[PDB]
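Engineer: The structure is given below, and queries will be raised subsequently.
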Amino acid sequence: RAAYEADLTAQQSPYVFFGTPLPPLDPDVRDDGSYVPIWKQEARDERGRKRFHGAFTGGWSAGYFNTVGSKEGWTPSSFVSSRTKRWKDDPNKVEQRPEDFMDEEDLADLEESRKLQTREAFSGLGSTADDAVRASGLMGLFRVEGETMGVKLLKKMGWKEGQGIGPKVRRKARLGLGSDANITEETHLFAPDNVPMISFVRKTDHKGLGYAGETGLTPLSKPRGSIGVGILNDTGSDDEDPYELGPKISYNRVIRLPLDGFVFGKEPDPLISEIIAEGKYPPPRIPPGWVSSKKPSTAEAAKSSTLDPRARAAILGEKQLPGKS
Amino acid sequence: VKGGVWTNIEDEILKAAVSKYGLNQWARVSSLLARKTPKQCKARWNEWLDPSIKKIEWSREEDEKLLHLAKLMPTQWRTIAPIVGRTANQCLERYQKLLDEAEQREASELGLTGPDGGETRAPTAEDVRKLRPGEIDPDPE
Amino acid sequence: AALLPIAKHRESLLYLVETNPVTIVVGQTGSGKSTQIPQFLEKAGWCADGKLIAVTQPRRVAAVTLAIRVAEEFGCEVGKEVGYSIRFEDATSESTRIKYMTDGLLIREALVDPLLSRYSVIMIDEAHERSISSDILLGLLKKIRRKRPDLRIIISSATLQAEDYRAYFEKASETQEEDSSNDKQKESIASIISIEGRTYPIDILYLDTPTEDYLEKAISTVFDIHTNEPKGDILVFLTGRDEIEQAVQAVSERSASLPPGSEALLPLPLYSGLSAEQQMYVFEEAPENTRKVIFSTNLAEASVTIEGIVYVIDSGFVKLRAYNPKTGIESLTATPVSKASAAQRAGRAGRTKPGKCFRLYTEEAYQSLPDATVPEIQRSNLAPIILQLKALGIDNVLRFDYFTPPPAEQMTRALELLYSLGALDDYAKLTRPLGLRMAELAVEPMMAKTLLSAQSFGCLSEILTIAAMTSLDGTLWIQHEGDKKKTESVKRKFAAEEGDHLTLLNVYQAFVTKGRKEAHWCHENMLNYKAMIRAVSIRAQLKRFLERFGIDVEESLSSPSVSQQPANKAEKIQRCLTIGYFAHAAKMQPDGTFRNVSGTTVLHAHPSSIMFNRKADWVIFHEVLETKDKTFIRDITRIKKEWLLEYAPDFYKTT
Amino acid sequence: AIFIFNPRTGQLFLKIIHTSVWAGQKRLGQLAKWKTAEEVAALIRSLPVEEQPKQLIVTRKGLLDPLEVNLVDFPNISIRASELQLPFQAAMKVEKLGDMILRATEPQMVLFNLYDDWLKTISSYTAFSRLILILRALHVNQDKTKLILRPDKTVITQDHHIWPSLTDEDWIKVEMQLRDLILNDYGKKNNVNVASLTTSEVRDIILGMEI
Amino acid sequence: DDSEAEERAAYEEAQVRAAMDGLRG
Amino acid sequence: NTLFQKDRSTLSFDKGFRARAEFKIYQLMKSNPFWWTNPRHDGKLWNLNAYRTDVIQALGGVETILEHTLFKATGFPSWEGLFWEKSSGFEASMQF
Amino acid sequence: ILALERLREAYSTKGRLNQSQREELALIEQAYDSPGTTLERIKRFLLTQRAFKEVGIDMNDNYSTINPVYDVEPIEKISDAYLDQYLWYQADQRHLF
């Protein structure tokens, strides 16, 4: 029946010259790659049969058919040494690693426990873990950001955090002495301030602008650990605590007629009003006597463009960043 | 969504599954459908889709029977309905319709019926019983 | 042309472009500035010395339509004397004098002549939109004009924010403060001329109470304005495609319930990726005893103009994209409209006859709205922008004359992204031409880094094809709602289990090699034609770009040498992809959703990718976007974890 | 006096400024802030790179202006305004400190250890909290804090120490008594009940943030 | 909130009257 | 304690809860062993943690109990700092 | 709040719910999110509804006696719980018992 699925895949997906074609959409041939929820999935082993094999993974057998041995058996490798051929200075030191004594299940669980995370110098997608550090008060005043290296490379070229970017601002100061303008105003070159970011509130509803909406009601309040009762006998978590009844009680310490539903604007929009208005700019005088002085490829130049940015910015009058000196 | 208004396709699949399966097996009948529970299919069969339900305009003697039974058994509509010969919701709707029609008659010979179709006419209970935009029918079956 | 008010000030602004080095123009859209000002400059003798007039447009299709209109008004063919240049499409000639470009194409074409001696007048239209390229070109022109005062700059600030441009245009440099010893009068470098347009009076009506459903309130507004007010086509400003679909379905269902003998109502959607048939149905006038209801997105605000429109309903919302700096994902969220955007939406009604405005919010709700939109440079991924700025040679991006400075930690994320993608060293400098090779490519820098780290590992032409498919906005498949299993089957005609990029490679190879460049074959295959032959041209242009990189081209697709095994070739392609796309890595969870390497944010497969129902363990995605509530990821491709631990040793580390 | 305190190690740099700087000068607050920023920058330049600070927390917002002028050469050092009303001024109310501040005839650097010998027993967080509490209590009442810190004549302050030597339980009792004094003062000043205050309100009163 | 104070007080006399059954008489 | 709990007001609008708990047997198939007491109205009426301490002391001690078990075969140096996981990753995987 | 809290005590126990229990939990969460619409629905049901769904009947076995257990529709259970709490509170206020 391999020829039937083979030429059915050839007929349904003829132009697959890259990757692997999908199995055909038919009731006869199942879809192995399709994701069928979890409440629809079945527990199968490496061989496809529906059984378990561990004692702590829900099987009625364990090991090599209820035996702690193996089909290949065990053979103790030998060890001989003397003053002449001493073991410590031999070149082929076969070391006694904790993996000769393990099994494929042990290695599988070892790599299962070994997770993946980004390095300290690079930030990842969706990383939101600094709020607990920052929203702590005096605890967060000592724990500063651990120098993600983009901030460090901006630091090297002349940036200090707490202020924005741009050309340097020539404002004198504020000393905390109110708004005194009697200062000499000799105007040191400061750094531009940081404009804040934007954070739009999530909008899934169709509720309009300025609408408060209906407010909700809150529910009426609400050697560590133990050996479990089973993942299927946990039912509704009938056990919380035997020694006292109920949840944790939190305590205080004290004791033309317009359209229907539309109102007429009391004032017109100014922004549409300057469209037909004369504006606030008088046109130029234009005295008689002025005369127009001017009487009435890119790809090839880009190919010949040998101007590297070291020499491209030289004619642009820009100061290059300091390098390795 | 589990529930909702009943369509003609769902009604005919319900009738076909009742034909193939019977009345004591509602889980299979609901398994032919997609948006309806076994209890909802059973309620739709027992309230509308059974053709032992009288689905025409009421006769007059049915109306005196309904009014006398609503006089002797206040608000026991599941008891009144077998005796009258209709369903509980049908008997309740006809009773409320008779009450609203008598209210309209009292307004008619009282003089409250002025301009026909005007906005000053006080509506009946049927207009209030009409669903507002954003409201759920309690008896979709 | 003559009836437009712009000619009434014509010679005046000519005096300005002969006297002031920079001259900001204030004018409402529709006064004919874009159609006549380049013509006025060409007739003033500014092209007699072999010079050029540049019109920089933030919008692409608006640039094409404006160039076509100016060519039609000039009596010349498009590209002969009036031409255009947008991304990957340059229709110009040597005899061309008036040229309409994308402003981003001025940013990218600036790596030809840094002084821009090929051009004499640079005018920036729709400057009130305030795109990123507009501000970068403003800084570039300000820095160029220090060395070339003969270059003239015109700004079409349609709003009352032209004073901000003027205040930007006396601040020249800190270096000129030392030479300011003479008592000479400060000459007016920047002069703002206000050419006033004409609009018929429009009545604006607000609400006494805020609404609970602006879509249904807008539908009720349309039906009340049809039943009460006389004949006139209705335009409504909506946000998304789904709201327009629900609106047209609801008005069709209620127009089925309309009484006979009244005027029929024709619903018409206005999306960005519309087909030709729906677009020409929208642009064509209403039939006899028929009144049109155009449910439109933001296009009709600034990009396109539909005639015979009397009514316009502003929902008070517009979708906006904002790249989060801390997380690193986009967010297409429904922002409340700005004061200037709502003013333009109101003013787009009364064009042919005096209409009415029907903003769906209270009058006090039009009092705390933002005066202008959020700056586009503050809510975008700055990594291509910092890449372009270092391509021009300005590596001091901290000390750069921005129009509005981006906030201080977004470009830190951008520099982190650029360092992870090769390009930059530890000293914040563009490197030995690695960084230069990502500098000049018009691709997203992620897979430009991939294409550089392709030749050392074999396959180059296949992911060059995938690069043609990725730099492509409007999707290849024509969205056929009537076909559900047929769309899956024709998506399964070219399906690859090892990711979604290989499906695009398969459809390109089917079109080019065996399809013989035939469009009707794409018509049975439910695929578009124009954007994908544009992608063919893009692949040719990128092949030319890597020909200028000095690496020879290995085009083995034409050769029948299939002796290399295809499984190793496929894993080679996806291995190069995860060499590139290591930052956009995710792991699928048992509940069906995906999750990042940090394991914090919930990600879902986009319902257009091949792996919507397929099971995978580790994936890469081309781009992540946040919808209304779910955060989707596109172009799902299967990878391995040890590929991440091998090709990102400084980014990722195991426990 | 200019105070530069290290919270991690307890090191305190006291820059004593004499009247000779203020002789013949006008707008004394302005060049006072400038001289303070210049002295901080000079002490930073004198300190080695390993001992150079990474963050500067200023009790006054105005120091954001001159220090940035005085620390152009050090972009790796950040300056942050403190929203906490830190009672670092109340360090004049120690008798010995004000004694050599007033008797000093020249501007000079003086080294102090505000934690004394707490770091051998407790961590830097508890020592910092105790120092902040002691400074707040001194700002509230100098004599009452002196009486609480020395409840008996057997409690003798060491010559090299500023606070008298006490055991851990004695320090806990002193901390609780100073907390009671500060809470009573805050309740009397702001007309708030003392016994009804939660832990967050008590900690915010101790830290001095604007509630 | 004055109403909240009133109905929490109502809880307070409810608990006292629950505790004072027979003693009040 | 009930005079100091957080939600005394909504609990003041709760009347007739004892007869309701008596009639709960006609609504739920699960029986309530504590039908007679309401924690939000009566409070916690017993405390049995001294039972835990004295049953630890009654069995000799922690060391005798751990001598009955495979504690020394785990190689853990001290008992304090040792927590049990209720389920397993595989066991929680095979839940539905 | 009290009515929904006593409706949760049956089924807020996490895990192993049938379809009606999940519908009840969804209805209770919907009532928590939007209280006013739920209250208007309940009052409309008290004014108008006089015909109700079928009530399932089962037996609970204590091994000495068995007792009936009634299964009511969740929407009617919400209405009945609100009515029960309101009636008990108003009879406590008016000294009925």
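Identifiers for the structure tokens are assigned positionally: chains receive A, B, ... in sequence, residues are indexed from 1 per chain, and ligands are indexed from 1 in the order shown.
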I'd like the contact shell of segment 192-195 of chain D - 12 Å cut-off, only C-alpha atoms, skipping same-chain residues fewer than 2 positions apart - returned as an MDAnalysis selection string.

Structural biologist: (chainID A and resid 252:255) or (chainID D and resid 179:190 197:199 201:202 205)

Engineer: Identify, on the basis of only C-alpha atoms, every residue whose closest approach to residue 14 of chain E does not exceed 12 Å; exclude the query and any residue fewer than 3 positions from it along the same chain; express the result as a ChimeraX atom specification.

Structural biologist: /E:7-11,17-21 /F:2-3,8-9,11-15,41-42 /G:92-93

Engineer: Find the residues in chain G near chain A: any atom within 7 Å counts, using only C-alpha atoms. Write them as a PyMOL selection string.

Structural biologist: chain G and resi 1+5+13-16+32-35

Engineer: Each residue of chain F lying at most 12 Å from chain C should get a row with its shortest atom-to-atom pair and the distance in Å to one decimal, counting only C-alpha atoms; could you produce that, ordered by chain and increasing number, as a tab-separated table?

Structural biologist:
```
residue	atom	partner	partner_atom	distance
F:92	CA	C:590	CA	11.4
F:93	CA	C:590	CA	8.5
F:94	CA	C:590	CA	10.9
F:95	CA	C:590	CA	11.8
F:96	CA	C:591	CA	11.2
```

Engineer: Can you tell me which residues surround segment 52-69 of chain F at a distance of at most 12 Å, considering only C-alpha atoms, apart from same-chain residues fewer than 2 positions away, and format the answer as a PyMOL selection string?

Structural biologist: (chain A and resi 223+242-243) or (chain F and resi 47-50+71-74+76+78-80)

Engineer: Excluding residue 51 of chain B and any residue of its chain fewer than 4 positions from it, enumerate the residues within 12 Å of it, using only C-alpha atoms, and give them as a compact mmCIF listing (two decimals) with C-alpha atoms, in the first residue's frame.

Structural biologist:
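Output (result_23.txt):
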```txt
# COMPACT_ATOMS: atom_id res chain seq x y z
CA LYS B 15 -35.79 14.98 12.80
CA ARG B 44 -36.46 21.50 20.85
CA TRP B 45 -38.15 18.18 20.10
CA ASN B 46 -40.48 18.35 23.11
CA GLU B 47 -41.48 22.00 22.64
CA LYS B 55 -49.34 24.55 15.58
CA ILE B 56 -52.28 26.58 14.22
CA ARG B 86 -50.70 22.56 23.86
CA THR B 87 -47.23 23.15 25.29
```

Engineer: Env of segment 6-23 of chain A: 10 Å cut, atoms = only C-alpha atoms, seq-sep filter 5 positions within chain, self excluded. Answer as an NGL selection string.

Structural biologist: (:A and (1 or 29-33)) or (:C and (462 or 489-507 or 509-510 or 566-571 or 573-574 or 614))

Engineer: Would you pick out the contacts of residue 37 of chain F at 12 Å or less, using only C-alpha atoms, so that residues sharing its chain but fewer than 6 positions from it are not included, and give the list as a PyMOL selection string?

Structural biologist: (chain A and resi 245-246) or (chain F and resi 17-22+43-46)

Engineer: Could you find all residues in segment 263-451 of chain C that DSSP calls helix (DSSP H, G or I) from the backbone, and write them as a ChimeraX atom specification?

Structural biologist: /C:276-283,299-302,339-347,376-378,383-391,410-420,434-440,445-451
